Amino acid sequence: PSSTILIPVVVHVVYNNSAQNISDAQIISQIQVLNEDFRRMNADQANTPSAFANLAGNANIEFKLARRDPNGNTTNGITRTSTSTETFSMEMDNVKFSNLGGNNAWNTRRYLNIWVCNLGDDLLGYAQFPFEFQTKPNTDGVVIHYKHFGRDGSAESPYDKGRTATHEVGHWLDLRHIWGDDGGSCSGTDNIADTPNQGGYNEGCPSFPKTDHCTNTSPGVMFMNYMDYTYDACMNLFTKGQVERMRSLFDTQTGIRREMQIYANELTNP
């Protein structure tokens, strides 16, 4: 049993052309996907292998667009900023500052900021981890490539079901890659006991079961976990262990992100 954790969200669309100024419907579809994936309401939970069904987690984390901005003014939770920057840089975090062609974050203690923009080459999106929250508060949040934001619509296959944001919100909530970021070895860890030890990342739509040198017997590795690198339509769960780690950030006494719950209701009611 658990109480619902409520996350006020602001989406910052930063566009260099009309194609990048994505629709309100496309944004609403991304918030819908986050609520499905973090509340185990995703229809494709029907695709989770039965061997992992008893490990699938319901994070009971709800996302709502903000209705009050940091100045106390009414908002629909969507900002739109034209820019002369053609491609934003993860190294510079330039999408996160209006001085650098982007848009400043809204009080990161009270809002999840999701920037949407053009990113380079094979980067679908990126996050800032909770360990950087005290030292880098103004860049906390998530950035998603405009071609991989929302479900269907303007999103491009095979990353067209809004799972880049599920994966990045996972990192923003302290989750690490399921394979342990160790280039294929068995010695790295994601520090989640119920995710099977896994060599390297998976891609595309793997066949179940997929064993590797780290988990050499069926049911193998959880390549359909959101924290892998598989295609959007082929990922369909968080585990109960990942849910425990994410929710710990909202512990009322020690949670790094505990402040977000104090005014979440006030900031998401018009």
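Note that residue numbering begins at 1 and tracks the sequence as displayed.
Two stretches are in play, 69-77 and 157-165, and the higher mean C-alpha B-factor belongs to 69-77. For the two regions 179-187 and 122-130, the entry's Cα B-factors average higher over 179-187. Between the residues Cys214, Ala233, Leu237, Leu34, the entry's highest C-alpha temperature factor is the one at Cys214. For the set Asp194, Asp152, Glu91, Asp174, the maximum C-alpha B-factor listed in the entry falls on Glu91. Placement of the Cα temperature factor of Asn54 within the chain: highest third of the modelled residues, per the deposited record. Annotation for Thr135: CA B-factor lies in the highest third of the chain's modelled residues. Ranked against the other modelled residues of its chain, the C-alpha B-factor of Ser29 as given in the entry falls in the middle third. Looking at the C-alpha B-factors along this chain, the one for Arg247 belongs to the middle third. In this PDB entry, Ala105 carries a Cα temperature factor that places it within the middle third of its chain's modelled residues.
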